[PDB]
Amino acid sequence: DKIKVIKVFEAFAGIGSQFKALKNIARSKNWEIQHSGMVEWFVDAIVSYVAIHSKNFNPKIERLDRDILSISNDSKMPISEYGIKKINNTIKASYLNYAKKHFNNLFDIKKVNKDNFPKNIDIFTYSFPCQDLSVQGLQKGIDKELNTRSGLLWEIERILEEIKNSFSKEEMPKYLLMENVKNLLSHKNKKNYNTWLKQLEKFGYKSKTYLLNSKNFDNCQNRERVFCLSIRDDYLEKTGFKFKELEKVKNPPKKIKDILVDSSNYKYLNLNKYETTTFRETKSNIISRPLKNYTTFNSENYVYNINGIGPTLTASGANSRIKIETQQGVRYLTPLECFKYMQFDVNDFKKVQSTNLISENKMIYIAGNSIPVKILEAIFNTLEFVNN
C-alpha cells in the first residue's frame, strides 16, 4: 500500500515503552514498525523487553555469546566475570542472545559508534538515566567532569558527532526523542540542558521542549516528564512538519479505580497504630491523607484515594510502594497494576511474569523506570514521513 516502514532505534530502551507506543498507533498511521536497533544493558529490562516484544521466541538453555560483556544486574554497575559465568548456560542467556541477534541490541551506549550505528533511522529515542536529575535522589547533575549516569546524555553527543561526518545528511536519524524527569529544567540543570539544545542545533536539528503530565494523557498518574522532540532540519522542509502544542492537551481524567484488578487474596497493611486525617484533594487531582509517626521519610507517609490520581511511580523506595485505600483495606499497587499504571497492558505483564526470571520488586523497578505509553503515542502521532 502506501504503508511506511518506520525504523526505530531505542537508546536506553528499558522495556520498550517507545516501541510499544509505536506499535499501538501503527495501523492508524499506516505504519509498519521495525527494529533498527537498541541499547540496554540491564539484564532484567533486556529479558522483559524480549518477553514483551518478541514473536515466536522460544527460550532454552544456551551459552551466552562471547561478546556480550558489558551488561548489568542492578542497572548501575557492570557485572563481574563471575556474574557473567552464572548467566552462561541458562535460559536467561537465550533472552540476551535474542536481544542481540533479533533486536540488534548493542547493550552499552559507550560501545555505540559510526561503524555499528544503523543508517536511515526514522526515530531515535533516548530516555537517558534520570537518577542524578530526580528531586528524590542526590542531585549530582549532568556536569561532564563528574561522569554521572544521567551524564550518559553526553554519549549521545559523541555518537551524533561521529555519525555526522560519516553519514550523508539523509542517512542521519529523521526524528530524535528525549525523555527525562521534570527537574531537568531546574536552575542548576538549565545550563547543561541549554548546552545540549545548541548541540542538537549544531547537528542540524530543530527541536521543541515539552513538559507533559501523564494525567492529561488518559492516565490516573501524576507524572511530569520533559520531552525534547527533534526533527532533521531538511526533513522538516521536505515534509512540512510542524510541532503541535501538546502542553495544552487535556484528555478526560482517569482514576486509580479504573485500573485496579479484583482479587480475594491481596495482602493488606496493618495501619491501626498510625493516626491520620481526612483525605484532601490538591490542585493536581491527587487525593491523599498522611500517616502520623509512620516514618521520617515524607513521601512514604501517604495513603491515596482511588477516586483521584496517584503519585509518580518511581523504580524504588517510597513511590514504588503506592498505598491505596480500598473497601477491603489499604494495600500497595501490585506489579500488574504498576504495569497498567504505566499504560502497558495485562498481556505485557503476563509475558514478563511468565519468564519466571523477574521478581515482583524488579517488575515494579522496570515499570518505574519506563514512560507512560500514551504520552509517547500522542507525541508520535505528530510525526510526518515522506511516501518514498
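For every residue, the number given is its place in the sequence shown, counted from 1. Definition used throughout: the rigid core is the maximal C-alpha set that superposes within 1.5 Å between two forms.
- With 124-132 and 302-310 as candidates, the stretch whose CA atoms show the greater average offset from this form in 4 other deposited structures of this protein after a core fit is 124-132.
- Between 89-97 and 155-163, the larger mean CA deviation from the shown form in 4 other deposited structures of this protein, after core superposition, belongs to 155-163.
- Coordinates for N147 are absent from at least a third of the other compared entries of this protein that model residues on both sides of it.
- In none of the other PDB entries of this protein that model the residues around it does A315 lack coordinates, well short of a third.
- As recorded in the PDB entry, 59-67 is the stretch of 316-324 and 59-67 with the greater mean C-alpha temperature factor.
- Once the C-alpha B-factors are averaged per stretch, 163-171 and 127-135 rank with 163-171 first.
- Based on the entry's C-alpha B-factors, the most elevated value among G141, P290, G308, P311 belongs to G141.
- Highest C-alpha temperature factor among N298, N189, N73, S214, as the PDB entry reports it: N189.
- Among all modelled residues in its chain, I33 ranks in the highest third by Cα B-factor.
- For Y235, the recorded CA B-factor ranks within the highest third of the chain. Only modelled residues enter the ranking.
- Among the modelled residues of its chain, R223 has a C-alpha B-factor that falls in the lowest third according to the deposited record.
- Split the chain's modelled residues into thirds by C-alpha temperature factor. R27 is in the highest one.
- When the modelled residues of the chain are ordered by their C-alpha B factor, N97 lands in the middle third.
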